[PDB]
């Protein structure tokens, strides 16, 4: 399984690194989209984009690198791709899962759970988990709010593939 990293910044100042295990063994197509968007190797991806919705006690959401306002994003397969499977569930903090606008609308937006979000099971494709840096995700919540608006700009200043 590939590992990828995000270097998280707050108004441009380093917060810390979050690394993820991507479950290519169980969700290959969805894992490969996130891996490739993290390296930028297709010529577009997550580097520079922000976490636009941070709701403490639930999740940190980001990944819109095309419209830069929480409405956009795209996959390496086209604008959207289908829900690959629902094998894995949203079992607690650290889960990495695809955001979407209904069935088969996966693009690039994603979220990291900060708690169990079982009501999303069967609706959002889980495809990875935080490996190192859960304390960085916890620190990101200082900048969120109940409706998810952030009080500072939380960005993926750098990202790539490890190991």
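Residue numbers count along the first chain shown, from 1.
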{"query": "Between 37 to 45 and 59 to 67 (mean CA B-factor, as deposited), the higher", "finding": "37 to 45"}
{"query": "C-alpha B-factor winner, where the candidates are 51, 127, 110, 119", "finding": "119"}
{"query": "CA B-factor ranking of residue 105, expressed as a third of its chain", "finding": "highest"}
{"query": "Relative C-alpha B-factor of residue 157, binned into the chain's lowest, middle or highest third", "finding": "middle"}
{"query": "CA B-factor ranking of residue 73, expressed as a third of its chain", "finding": "middle"}
{"query": "CA B-factor placement of residue 140, once the chain's modelled residues are sorted into thirds", "finding": "middle"}
{"query": "Chain thirds of CA B-factor: placement of residue 95", "finding": "middle"}
